[PDB]
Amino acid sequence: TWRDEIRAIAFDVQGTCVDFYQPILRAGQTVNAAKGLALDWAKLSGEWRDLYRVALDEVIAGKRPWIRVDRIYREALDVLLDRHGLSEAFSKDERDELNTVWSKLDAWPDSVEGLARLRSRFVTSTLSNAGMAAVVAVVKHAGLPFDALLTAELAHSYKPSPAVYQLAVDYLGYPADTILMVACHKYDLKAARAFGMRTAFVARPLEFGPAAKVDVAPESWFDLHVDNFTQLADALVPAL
């Protein structure tokens, strides 16, 4: 089978391995307390994220120079606070400190043990859009075990550019057809498949909190489609 030819597994990080919704809720509640406000961060996080993607789509479309993911979020925070008329309640230092949330994310309950099992049999690596320094911090904070840390910053191009997937080929040292790409975002796997990798979709229905409705429907072209990393490890590294 193709499962026996896999040598390396590359993982998206934000969303796929770690939760950012509860970190934002926690960070925003410490802000609500220290400044006596009552902002609904459950809705604010969706607002922030929607501003981020507009700016990201402009970078991808070439309408704007390359900029690191954390800096996109930092600038969208300025727009978010202004569209809510709190620009003068938040100094730059408070905005900078609120934006550090992206480097302190929570492992999903299945992530660490499943990553550890996979590391015992494969070469494992990150491959996400975020900046290298942010992913270094996220991986360290959440205790994720990986053999390598790669991100799109090493290509100064964002997914779905083939140059991002070529980073795994060049820097892990394996051809595309021996790398499994793991993500909870379908467009990432669609690009990885076009590039020649095998694909594994992970359902993360809480990625945007309890109220959003996440697309977790199957696709015929996935190679694997799992609920969580326990199932992923049990599929690729049967333990008993």
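In this text, residue numbers run from 1 along the sequence as written.
- Mean CA temperature factor is higher for 76-84 when stretches 126-134 and 76-84 are set side by side in the entry.
- Higher average CA B factor: 211-219, of the stretches 211-219 and 180-188.
- Ranking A38, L206, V69, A194 by Cα temperature factor from the entry places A38 first.
- Among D110, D96, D106, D170, the highest C-alpha B-factor recorded in the PDB entry belongs to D96.
- Ranked by Cα temperature factor within the chain, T151 sits in the lowest third according to the deposited record.
- Looking at the C-alpha B-factors along this chain, the one for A163 belongs to the middle third.
- Ranked by Cα temperature factor within the chain, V101 sits in the middle third according to the deposited record.
- For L240, the recorded CA B-factor ranks within the highest third of the chain. Only modelled residues enter the ranking.
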